[PDB]
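Below you'll find the structure, written out as structure tokens, and then a few comments.
Laboratory data are not the source of any read-out in this text; all were calculated from the coordinates shown. Here the Cβ positions follow ideal geometry from the backbone for every residue, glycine too, while neighbour counts run over all protein chains shown.
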Amino acid sequence: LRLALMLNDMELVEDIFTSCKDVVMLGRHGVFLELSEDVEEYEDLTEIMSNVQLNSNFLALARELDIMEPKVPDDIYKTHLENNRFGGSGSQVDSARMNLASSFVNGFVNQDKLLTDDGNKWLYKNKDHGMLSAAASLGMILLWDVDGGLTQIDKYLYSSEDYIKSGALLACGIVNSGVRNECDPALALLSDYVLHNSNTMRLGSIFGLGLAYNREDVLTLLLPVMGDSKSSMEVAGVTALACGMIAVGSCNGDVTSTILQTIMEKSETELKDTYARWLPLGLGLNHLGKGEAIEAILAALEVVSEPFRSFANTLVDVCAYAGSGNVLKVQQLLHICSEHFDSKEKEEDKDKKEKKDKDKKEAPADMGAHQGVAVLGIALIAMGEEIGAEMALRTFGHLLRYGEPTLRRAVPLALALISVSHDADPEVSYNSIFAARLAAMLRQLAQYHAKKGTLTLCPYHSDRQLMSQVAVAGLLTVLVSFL
Amino acid sequence: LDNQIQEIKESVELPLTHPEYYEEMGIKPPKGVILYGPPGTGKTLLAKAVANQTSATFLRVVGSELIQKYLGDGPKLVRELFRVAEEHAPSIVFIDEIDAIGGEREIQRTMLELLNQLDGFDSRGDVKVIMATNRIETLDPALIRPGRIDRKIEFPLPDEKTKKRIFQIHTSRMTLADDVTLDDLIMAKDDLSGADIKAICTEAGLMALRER
Amino acid sequence: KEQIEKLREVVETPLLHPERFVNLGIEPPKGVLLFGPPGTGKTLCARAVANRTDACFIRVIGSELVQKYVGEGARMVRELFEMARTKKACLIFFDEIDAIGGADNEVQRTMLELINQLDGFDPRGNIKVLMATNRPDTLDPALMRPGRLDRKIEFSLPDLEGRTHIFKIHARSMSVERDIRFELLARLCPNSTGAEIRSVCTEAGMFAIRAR
């Protein structure tokens with residue numbers, strides 16, 4: 001099955017399902033079976049097992065409800081969390097931003113459901129993007145109980161507020177990934193063409209359906225989505241990321257008219273460069289799964305232009321070098337590392353955590369000793385992918401102390417990803433550093449975040465553009481990489 | 001021996017075993033005990049601390065060299081061990097080889113500061129501290145009255161049976177002549193935690209390995 | 001029961017009802033004297049700290065009076081008496097007076113100035129006197145005591161019906177045999193001084209330890 005993780009073949013799962021079917025644990029190999037399989041072989045698996053299924057137990061067991069049917073009741077049974085964290089750590093929230101960190105709490109602490117139903121007006125006192133984060137928080141508390149999800153989110157569906165129903169459909173997309181029954185009421189209309197509600201419902205519904213999902217009908221419905229070209233960034237954000245998560249793990253990628261269409265319409269208008277920042281995210285997501293693809297040279301011939309689409313080119317260079325023995329790209333990395341452009345250093349040098357993710361002995365380097373603080377952010381993000389040994393925390397000792405709110409804000413993120421009784425001590429160190437608002441909301445985000453799959457590699461690589469308006473914070477809370 | 005290990009086990013390992021006699025009987029000895037033995041160095045003291053390592057988090061601190069190896073750091077590392085011991089309330093703090101008194105004027109103020117911080121004037125019972133040394137006469141009586149209030153035990157002369165068994169195991173694969181006796185070896189040596197006879201068996205096995 | 005009231009009526013009553021002592025006749029009492037074997041010393045004083053009504057006070061040990069580079073002890077006793085002046089007649093506790101009593105002119109400054117401040121009415125002379133020591137061989141406090149201090153009593157020795165309180169505070173031992181009865185430990189050992197019961201926990205507790 002590891003050979004199926006590295007091969008991405010359709011016959012291996014059939015031979016291992018008839019050989020594992022003959023040799024009758026069961027729910028455990030189903031759980032990490034679904035964890036090990038990518039987006040391709042579970043839909044090919046659901047079509048060949050939609051044909052035979054050999055017991056009715058291959059789509060009965062290995063399609064949905066059974067990667068979470070063993071965990072959730074046992075997680076509620078074997079674990080007993082205290083209420084003093086909700087009380088104190090759930091009581092020092094204020095200033096309309098620690099309340100956003102409290103939507104992070106509500107969404108990402110679900111045994112106990114007290115803070116979930118702690119009265120009302122908690123979503124009314126919040127802001128628009130906090131109304132998305134709180135409308136989707138009740139979707140993050142319901143990764144189980146499919147029948148309960150409809151009767152808990154139904155109160156927020158088609159309500160009087162646009163963000164309550166759009167974030168409610170986002171919740172309907174987060175609660176499940178194989179029900180696919182909530183599509184029609186939101187995917188049906190899709191038509192505003194300027195700026196009505198169904199565009200925010202297109203954010204939560206196209207992104208939620210992207211989390212639920214070579215599907216062609218949803219892409220034909222996504223043709224007027226990219227053709228609309230709304231002024232909002234998260235439209236093409238969740239569109240490119242949605243079709244990318246649909247396209248990750250394909251047969252050596254593709255250069256079809258989907259990403260060719262979003263490249264032509266990408267270069268159509270050179271405004272709001274954040275489009276030129278998050279569209280190459282979904283582009284490189286469609287580049288994932290390659291074994292011998294020449295898409296880096298095809299793009300290196302087709303998007304040679306200003307550093308916007310050249311930044312798209314170096315993003316294709318990032319996702320096109322997942323990792324092999326190609327040290328020529330390491331000396332090329334050192335050669336191009338001194339470029340005057342201060343963003344291709346960030347992403348192209350940020351690829352280090354993805355390229356050498358296995359041989360972590362060479363990952364600690366002298367990148368922190370430079371003067372390009374953005375590179376210190378690169379190593380800071382690259383650290384948070386392991387148990388966090390004394391060397392990594394040693395790097396968090398120097399990286400933890402900085403004056404800029406971007407690095408002081410960025411250090412508790414990787415500090416919380418690297419550690420999911422030495423957890424609360426660096427937090428007290430943050431209390432000694434500060435006692436801005438972003439560092440407090442993010443340090444609470446660490447307080448409750450403490451307690452090669454693409455699903456764990458995409459959300460943070462897309463999250464590398466947090467240094468903008470609070471509009472991104474509507475997508476910051478719905479990251480699916482957090483187990 | 002289980003006798004002197006059950007009292008320190010229930011003393012410092014308290015909140016992980018039989019939780020119906022600490023608050024129901026109303027005992028609360030949040031001070032622990034102080035160990036001392038003429039051999040000391042942590043052989044039978046570490047043999048008494050190995051029972052805490054079964055199901056708990058352990059912290060091993062041997063000697064006071066890490067305090068007297070800097071210009072003016074002082075008890076800062078002790079404060080780090082006390083804050084990580086505060087964050088590690090369900091753990092066991094074992095301090096061995098307290099021979100700081102046996103320049104010199106700072107030892108008395110970092111030891112009096114160790115007395116002030118070990119007493120917990122503004123803290124409740126959260127972590128237990130174990131003290132161990134070689135000679136109890138060198139330590140000043142300041143660490144006795146505030147420190148030890150629960151129980152103290154005296155340790156007799158070393159045990160030749162355990163050291164003889166360790167030397168027998170380390171010399172089982174080795175080649176020794178008939179004129180090499182054990183009583184003169186275990187008798188001539190003194191004040192060794194076992195890692196020192198292991199050290200002379202490592203340099204003796206390597207010294208015998210030099211001739212192949 | 002008797003002695004705990006003879007020392008409680010001077011630690012709790014003088015602050016709860018000041019008018020009862022002004023109108024009670026002679027004057028509000030000064031304090032008591034606790035001298036003799038240590039036994040359970042400093043435990044009832046910690047109980048008096050636990051029985052504090054409004055503000056906890058600062059404790060002073062006898063070891064702080066003797067320090068290197070003499071001359072700081074006078075400023076120390078004058079600065080803690082000045083803190084007593086600032087804290088509206090704060091409580092001052094003296095532990096182990098035998099370290100300086102029983103008269104070294106550099107110590108005669110601190111102890112003769114200490115007598116000059118206790119017997120002197122400059123800061124105040126009636127708040128609370130209390131001395132906890134070990135040996136009664138302090139000649140100078142024995143001759144300068146009737147000047148201001150009074151009410152000399154035994155250290156801990158109660159009457160026949162008074163031991164049960166010090167056994168209810170000595171119930172914090174390991175265990176007798178189980179959690180069935182406290183009175184089984186509390187009433188089955190009479191005629192034992194407040195330190196002879198520490199010899200019953202140390203020697204009878206050592207017999208419960210050495211009982212396999």
For region A:259-373, calculate the relative contact order in percent as a whole number, restricting contacts to Cα pairs under 8 Å that are 6 or more residues apart. 21
Over chain A, what number does the Rg to Rh ratio reach, with both radii from the alpha-carbon atoms and Rh per Kirkwood? 0.94
Measuring from its Cα centre, the protein assembly as shown shows a charge dipole (+1 at each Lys and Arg Cβ, -1 at each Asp and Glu Cβ) which, in debye to the nearest 20, is 3300
With a point put 7 Å past each Cα toward its Cβ, work out how far A:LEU54 is from C:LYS152 in nm, to one decimal. 9.9
Restricted to Cα positions, what overall size does region A:387-443 have along the principal axes? Three whole-Å values, descending. 28, 18, 18
For A:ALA435 and B:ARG212, what is the calculated FRET efficiency with R₀ set at 56 Å and r taken between the beta-carbons, to the nearest 0.05? 0.25
Over all distinct alpha-carbon pairs, what is the Kirkwood Rh of region A:277-393 in angstrom? 15.0
Normalised per residue, the volume of the convex hull around the Cα set of region C:1-125 (Å³): 139
Return the FRET efficiency for the residue pair C:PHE21, B:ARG109: r is the Cβ-Cβ distance, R0 is 60 Å, and the value is rounded to the nearest 0.05. 0.90
On each of the three principal axes the extent of the alpha-carbon atoms of region C:1-69, given in whole Å and largest first, is 47, 31, 24
For a 18 Å ceiling on Cα separation, which of these pairs sit above it: A:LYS451/B:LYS128; C:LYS6/C:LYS88; A:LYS21/A:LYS71; A:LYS71/A:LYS155; B:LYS28/C:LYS42; B:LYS31/B:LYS152? A:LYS451/B:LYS128; C:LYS6/C:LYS88; A:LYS21/A:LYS71; A:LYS71/A:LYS155
If I take all pairs of Cα atoms in region B:82-175, what percentage of them are more than 15 Å from each other? 72
Rg [Å, one decimal], Dmax [Å, integer] - chain C, C-alpha atoms: 19.5, 61
What is the sum of charges, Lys and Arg at +1 and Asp and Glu at -1, for the other residues whose Cβ falls under 15 Å from the Cβ of C:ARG124? +3
log10 I(q)/I(0), Debye, Cα-only region A:190-244, no solvent, q = 0.16, 0.27 Å⁻¹? -0.39, -1.15
So for the protein assembly as shown: antiparallel DSSP bridges make up what percent, rounded to the nearest 5? 0
Kirkwood hydrodynamic radius for region A:27-87: how many Å is it when counted over pairs of different Cα atoms? 13.3
Which values, in whole Å and largest first, are the semi-axes of the equivalent ellipsoid of region B:1-114 obtained as the square root of 5 times each eigenvalue of the Cα gyration tensor? 28, 17, 13
Report the convex hull volume per residue for region B:147-212, counting only C-alpha atoms, in Å³. 110
At q = 0.21, 0.26, 0.28, 0.29 Å⁻¹, what is the log10 ratio I(q)/I(0) for region B:13-65, with the Debye formula run over Cα points and no solvent? -0.96, -1.16, -1.21, -1.24
Give the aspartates and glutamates reachable from A:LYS272 as a straight Cα distance under 12 Å; neighbours fewer than 8 places away on the same chain don't count. A:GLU234
Taking the Cα atoms of region A:154-234 alone, what are Rg (to one decimal) and Dmax (as a whole number) in Å? 12.0, 36
Whole-angstrom gap from region B:142-212 to region C:102-166, using each part's C-alpha centre: 52
Kirkwood estimate for region A:348-425, i.e. one over the average of 1/r between Cα atoms, Å: 12.7
Excluding A:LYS360 itself, what net charge comes from residues whose Cβ is under 9 Å from its Cβ, given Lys and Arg +1 and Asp and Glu -1? -2
Taking N as the residue count of region C:88-152, its alpha carbon Rg divided by 2.2 N^0.38 Å gives 1.10
Convex hull projection area averaged over all views, the protein assembly as shown, Cα basis, nm²: 54.2
Running Debye on region B:47-122 with equal point scatterers at the Cα sites and no solvent, what base-10 log of I(q)/I(0) appears at q = 0.15, 0.20, 0.26, 0.27 Å⁻¹? -0.58, -0.96, -1.34, -1.39
Diagonalise the Cα gyration tensor of region C:46-111 and give the resulting equivalent ellipsoid semi-axes, square root of 5 times each eigenvalue, largest first, whole Å. 25, 14, 8
From the mean inverse distance of alpha carbon pairs (Kirkwood) and the Cα radius of gyration, derive Rg over Rh for region A:1-160. 1.09
Distribution output for chain B: share of Cα-Cα pairs per 10 Å bin in percent, first bin at 0, values 7, 29, 31, 20, 10, 3, 0
Points 7 angstrom from Cα along the Cβ direction at B:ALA89 and C:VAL70: gap in nanometres? 4.8
Please report how far the C-alpha centroid of region B:81-96 lies from that of region A:333-347, rounded to the nearest whole angstrom. 46
Kirkwood Rh and Cα-based Rg: tell me the resulting Rg over Rh for region A:143-296, rounded to two decimals. 0.99
